[PDB]
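Positions are given from 1, in the same order as the sequence printed here.
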Amino acid sequence: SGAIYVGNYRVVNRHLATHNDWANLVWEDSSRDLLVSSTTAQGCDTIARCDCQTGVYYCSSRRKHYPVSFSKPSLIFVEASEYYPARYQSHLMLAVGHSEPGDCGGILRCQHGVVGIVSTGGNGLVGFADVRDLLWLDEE
Ligand SMILES: COc1ccccc1NC(N)=S
Ligand SMILES: COc1ccccc1NC(N)=S
Ligand SMILES: COc1ccccc1NC(N)=S
Ligand SMILES: [Zn+2]
C-alpha cells in the first residue's frame, strides 16, 4: 500500500483505490494503474519535474529503502497479475529490485521530489508508475 498527497489530490494504484477514492474521483487510467481522488486537507509531497533515472524507493516487504537506477517511462508488456491481464502497462519505469503486491504504493523519489509509486514486480524487477508528466497535480 501507499499514496502520494499533493495539494488536494491523493494518488494511489488504481487496483488499491477505495470506495471513497472512486466516490471522489479526479482521474483514473487502467493502462497506467493510477487513480487520483480529491482530498479535504493538503498533502506533504512535492512531485518531481525532471528526467532523472536514479532515485530511492520504499520496499514494504523488506522494510527498506533501496537506491536504484530506472528506465524512462515506457509502454512495458507486463505479464498478468491478480488485478490486470497481460498487456502494455503505460508510463512504467523498471529497475532491478525486489517487489511484492503489498509493496504497490511505495514511493520512488529523486532530488526533485516524488517520481512515482511501485506498481509491478517479479523476476527481480520492480516497476514504478510515473507521475512526473501529471503537471496538473501541481495546481487547482
Ligand atoms: C531522493 O529524494 C530527495 C533528495 C533530495 C531532496 C529531496 C528529495 N525528494 C523528496 N524528499 S520526495
Ligand atoms: C508490485 O506488485 C506486483 C508484484 C509482482 C507481480 C505483480 C504485481 N502487481 C500487483 N498489482 S500485485
Ligand atoms: C519473491 O517475491 C515475490 C512473491 C510473489 C510475487 C512476486 C514476488 N517478487 C519478486 N519476485 S521481485
Ligand atoms: Zn529528479
Side-chain angles (χ1 to χ4, degrees):
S1 50
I4 316 169
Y5 296 100
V6 55
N8 285 280
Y9 300 126
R10 169 173 136 93
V11 187
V12 291
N13 297 93
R14 190 179 178 281
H15 74 270
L16 299 182
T18 68
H19 170 88
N20 183 70
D21 288 323
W22 280 103
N24 289 282
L25 176 62
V26 173
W27 169 82
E28 59 77 27
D29 182 329
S30 180
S31 76
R32 295 184 66 146
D33 184 33
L34 285 184
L35 182 149
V36 182
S37 68
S38 74
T39 58
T40 58
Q42 288 225 285
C44 288
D45 303 316
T46 295
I47 309 305
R49 304 293 177 201
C50 74
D51 74 343
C52 289
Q53 285 187 259
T54 67
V56 173
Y57 84 101
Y58 180 62
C59 174
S60 60
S61 66
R62 297 283 180 271
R63 290 182 185 118
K64 281 214 182 45
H65 297 255
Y66 296 101
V68 286
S69 303
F70 54 89
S71 61
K72 294 183 175 196
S74 332
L75 198 69
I76 297 280
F77 189 81
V78 56
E79 300 300 315
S81 73
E82 39 239 21
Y83 302 93
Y84 298 106
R87 34 55 140 174
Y88 288 106
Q89 175 156 345
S90 60
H91 298 262
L92 188 68
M93 297 165 297
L94 284 178
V96 169
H98 193 72
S99 189
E100 303 195 65
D103 296 325
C104 283
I107 287 183
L108 170 69
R109 61 181 85 236
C110 71
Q111 65 182 101
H112 302 101
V114 175
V115 171
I117 54 170
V118 174
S119 182
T120 75
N123 286 336
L125 304 177
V126 53
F128 311 95
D130 182 59
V131 296
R132 299 177 286 188
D133 62 327
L134 301 178
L135 296 188
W136 57 259
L137 289 170
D138 297 340
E139 66 222 57
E140 121 91 285

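- Shortest non-hydrogen contact noted between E100 and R62 is OE2-NH1, 3.8 Å.
- In this structure the side chain of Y58 reaches within 4.5 angstrom of the side chain of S60, judged on heavy atoms.
- Heavy-atom minimum distance, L92 versus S119: CD1-CB, 4.5 Å.
- Annotation: the span from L108 atom CG to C59 atom SG amounts to 12.5 Å, rounded to 0.5 Å.
- Proximity of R32 to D133: side-chain heavy atoms (C-beta onward) are separated by under 4.5 Å at one or more points.
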Step-by-step side chain to side chain contact (heavy atoms under 4.5 Å, CB included) determination, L134 to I47: CA-CA 9 Å; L134 301 178; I47 309 305; over 6 Å; no
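- Annotation: side chain of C110 is not in contact with side chain of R132 (no heavy-atom distance under 4.5 Å).
- The side-chain heavy atoms of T120 and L125, taken from C-beta on, include no pair separated by under 4.5 Å.
- Side-chain contact check for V78 versus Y84: every heavy-atom pair is 4.5 Å or farther apart.
- With contacts defined as side-chain heavy-atom distances shorter than 4.5 Å, the pair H98/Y66 does not qualify.
- Shortest non-hydrogen contact noted between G105 and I117 is O-CG2, 3.6 Å.
- To the nearest 0.5 Å, the span separating OG on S31 from CZ on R14 amounts to 9.5 Å.
- For the pair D21 and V12, the tightest heavy-atom approach, listed with the atom from each and the gap, is OD2-CG2, 3.9 Å.
- Both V114 and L34 belong to a common hydrophobic cluster when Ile, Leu, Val, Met, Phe, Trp and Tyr are linked at side-chain heavy-atom distances under 4.5 angstrom.
- Atom OG of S38 is separated from atom CG of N20 by 7.5 Å, given to the nearest 0.5 angstrom.
- Taking 4.5 Å as the limit, some side-chain heavy atom of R10 sits within range of a side-chain heavy atom of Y5.
- Side-chain contact check for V115 versus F128: every heavy-atom pair is 4.5 Å or farther apart.
- Heavy atoms only, all atoms of each residue included: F70 and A95 are closest at CB-CB, 4.1 Å.
- Within the model, atoms OG of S81 and CG of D33 stand 8.0 Å from one another, a figure rounded to the nearest 0.5 Å.
- Here the OG-NE2 distance, from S30 to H15, works out to 11.0 Å after rounding to the nearest 0.5 Å.
- Here the OG atom belonging to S74 is positioned 9.5 Å from the CG atom belonging to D130, to the nearest 0.5 angstrom.
- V26 and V6 fall within a single hydrophobic cluster, where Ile, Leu, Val, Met, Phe, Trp and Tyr side chains are chained together by heavy-atom contacts under 4.5 Å.
- Under the 4.5 Å side-chain heavy-atom criterion for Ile, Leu, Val, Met, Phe, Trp and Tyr, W27 and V131 are members of the same hydrophobic cluster.
- Ring to ring, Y9 and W136 are close: their centroids are under 6.0 angstrom apart.
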Step-by-step side chain to side chain contact (heavy atoms under 4.5 Å, CB included) determination, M93 to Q53: CA-CA 9 Å; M93 297 165 297; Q53 285 187 259; over 6 Å; no
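- Listed here is the closest heavy atom pair of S99 and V118: OG-CG1, 3.5 Å.
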